[PDB]
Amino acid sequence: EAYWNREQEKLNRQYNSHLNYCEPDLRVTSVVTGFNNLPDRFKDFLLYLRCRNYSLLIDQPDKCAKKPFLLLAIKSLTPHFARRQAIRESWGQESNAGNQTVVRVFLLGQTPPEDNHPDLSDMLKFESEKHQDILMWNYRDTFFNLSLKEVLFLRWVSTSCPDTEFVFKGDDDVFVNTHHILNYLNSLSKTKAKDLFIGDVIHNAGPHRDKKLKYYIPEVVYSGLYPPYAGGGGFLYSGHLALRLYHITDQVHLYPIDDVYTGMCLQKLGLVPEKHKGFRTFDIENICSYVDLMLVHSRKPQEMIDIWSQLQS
């Protein structure tokens, strides 16, 4: 009865246009109960659900010219200049130690004037030319379009970085202990590494029905429970799985919560992401508190540099 569930079931029957239909899908105004009274973000989500063929405005095509051991992929918005630079100087440094290459990309969409964003296009061009780590696509960068940010990033992995051994995807305000991540990745068996997917995995979750939370999903949009999913603050997976995940995205309708969407894709593949206790996407309760952690949400740019500096000793 909920809209997403019914359309997804239609998709299941077709695989057992929803991909490049980019006119407004006016059907939703008649088939979604109370559509006129939905918040604008749901109107936009429903009207443009069947469009995901957006193009790269800023690419870094040689980012993976040397096959990486680890790709860091960080969700960011144009105005977050200090967040990105703190990451570059702390846990997101690119490196080649042990010939285990780490490369870094930030994942951006457009911040257009119609959404009341200041025009930062000249600063973003300066930054992209200076640091060569900005990927930017021509879609409206919004909270409910983070699942678009996920799908287009996975597409970019498939086209431009398909041979990375591992992928870390996360937020631009989480602290990551990249040394611990690399140590963990190097201790993996070959079998465990082929389909690795770990994070702060949430089981038996359901959609928030509370209208004051940013995660609110109306009953007319989605019914039932969520699959197991790793919290989007940051998760870690094999590049092999990144390609299998990209292939399966066509068979899963976009969903307004992006980390739930990745969990939906894993489930369709027959996989279950595994919890690693070092991923603290809901923060901690002292620099020694951070020694054994993989990730902590959330930290400001100065805090990111401070923690990283103290951890090096």
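In this text, residue numbers run from 1 along the sequence as written. Definition used throughout: the rigid core is the maximal C-alpha set that superposes within 1.5 Å between two forms.
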**Complete:** Quick note, superposing on core in 8 other deposited structures of this protein and taking C-alpha RMS, the more shifted stretch of 224-232 and 125-133 is 224-232
**Prompt:** Quick one: with the core lined up, is it 7-15 or 288-296 that wanders further in 8 other deposited structures of this protein, going by C-alpha RMS?
**Reply:** 288-296
**Item:** Deposited but uncoordinated residues in the residue 16/residue 17 interval
**Value:** 10 or more
**Interresidue gap class [residue 62, residue 63; deposited sequence, unmodelled]** = none
**Asked** Should the higher mean CA B-factor in the entry be assigned to 50-58 or to 23-31?
**Response** 23-31
**Fill in**
Of 64-72 vs 263-271, the stretch with the larger average CA B-factor in the entry is 263-271
**Among 247, 41, 277, 253 - the residue whose C-alpha B-factor is largest in the record** = 277
**Prompt:** Of the options 117, 104, 190, 131, which has the highest CA B factor as deposited?
**Reply:** 190
**Entry-reported Cα temperature factor of residue 121, expressed as the chain third it lands in** = middle
**Request:** Classify residue 208 as lowest, middle or highest third according to the C-alpha B-factor given in the PDB entry, relative to its own chain.
**Result:** highest
**Fill in**
Split the chain's modelled residues into thirds by Cα B-factor; residue 226 lands in the highest
**Request:** Could you tell me which third, lowest, middle or highest, the C-alpha B-factor of residue 82 occupies within its chain?
**Result:** lowest
**Item:** Lowest, middle or highest third - CA B-factor, residue 240
**Value:** middle
